[PDB]
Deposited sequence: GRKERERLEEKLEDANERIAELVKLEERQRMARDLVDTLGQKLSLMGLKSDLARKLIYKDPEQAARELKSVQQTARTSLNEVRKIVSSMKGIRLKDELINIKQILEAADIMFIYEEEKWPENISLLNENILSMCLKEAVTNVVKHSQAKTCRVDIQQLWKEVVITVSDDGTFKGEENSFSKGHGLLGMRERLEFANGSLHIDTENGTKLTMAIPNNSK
C-alpha cells in the first residue's frame, strides 16, 4: 500500500528525470535567443556606422559591412548545429571523454580538480567542450607527448581551460582546420584562444560564463 506508493514516487521521479532534460533544452534555446539577440544588435550598430560612413569613408563602410556579413555567417553556423536537438556536449562528459582518449593513446592525463565553474551557459559549455575535444584530439594525433595536462578554471567572469602537452608542435608559422574552428567558435562567444608552441603545445581557451 505504502509498499505500492513508493512505486508511484519512483514513476514520478523517473518522469521528473525526463522532464529535466526538456528543461536543459529550454535553457539551451534561451541561450540561443540571447546570443542571436546580441548578434542582431551588433549588426544593427555596425550597419548604422556603415551608413554614417558611406560618404565620409566608403572603404571603412565596406569593411564594417564585411564584418556584418561575417557575424551573420558565423552566427548561423553555430546555431545551425544545435537547433534541432537543442542539446550540446556537457563539459563534465567531455572531460571524461578526453580522459578515455588519452588513456587509449597512452598519454598521461594530468588534471588537478578544483572549483567547477558554476554558472556557465549550455551554449558556452558546448563551445568549450568542442574546443577541448579538438585540443586533445590534436595532442593525440600530432604531439608525441608523454603527458597532457588539462586545467579548468573559473576565473572572474570567465572560464579558462588550458591544454598543455609536452610533445612538439608540428605546424608552420602560419597554422591559421581544427585550430581556426576553435578560434571562431570562441570569438563567437566573446572568448579567445592563445597558442604557445615554444616547448610543447599550450592552448588557452577563455570564454565568458554568459553573453
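Tell me which segments of the deposited chain sequence are not represented by C-alpha atoms in this structure. Coordinates drop out over 1 to 3, 180 to 182, 218.
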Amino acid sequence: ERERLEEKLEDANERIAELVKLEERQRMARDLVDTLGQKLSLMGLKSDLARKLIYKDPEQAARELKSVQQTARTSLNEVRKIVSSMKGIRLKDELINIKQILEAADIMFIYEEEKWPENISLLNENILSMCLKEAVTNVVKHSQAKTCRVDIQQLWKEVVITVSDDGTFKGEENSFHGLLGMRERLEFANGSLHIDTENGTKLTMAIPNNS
From here on, numbers count along this sequence of modelled residues.
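5 to 13 versus 193 to 201 - which carries the larger mean C-alpha B factor in the record: The stretch with the larger mean CA B-factor is 5 to 13.
Quick check on the record: does 38 to 46 or 164 to 172 carry the larger mean Cα temperature factor? According to the PDB entry, the answer is 164 to 172.
Would you mind checking which of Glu112, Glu94, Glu103, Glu78 has the top Cα temperature factor in the PDB entry? Largest recorded C-alpha B-factor: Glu112.
Largest Cα B-factor, entry values, listed residues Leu32, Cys148, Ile152, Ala61: Spelled out: the listed residue with the top C-alpha B-factor is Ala61.
Using the temperature factors of the C-alpha atoms in this entry, rank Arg51 within its chain: lowest, middle or highest third. Highest third.
Within this chain, which third does the Cα B-factor at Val68 fall in: lowest, middle or highest? Within its chain, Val68 is a middle-third residue by C-alpha B-factor, going by the deposited values.
C-alpha B factor of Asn119, ranked within the chain: lowest, middle or highest third? According to the entry, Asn119 has a C-alpha B-factor in the chain's highest third.
Is the Cα B-factor recorded for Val159 in the lowest, middle or highest third of its chain? Ranked within chain, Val159 CA B lands in the lowest tercile.
Report the third (lowest, middle or highest) to which the CA temperature factor of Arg27 belongs, ranking only the modelled residues of the same chain. It belongs to the lowest third of the chain when residues are ordered by C-alpha B-factor.
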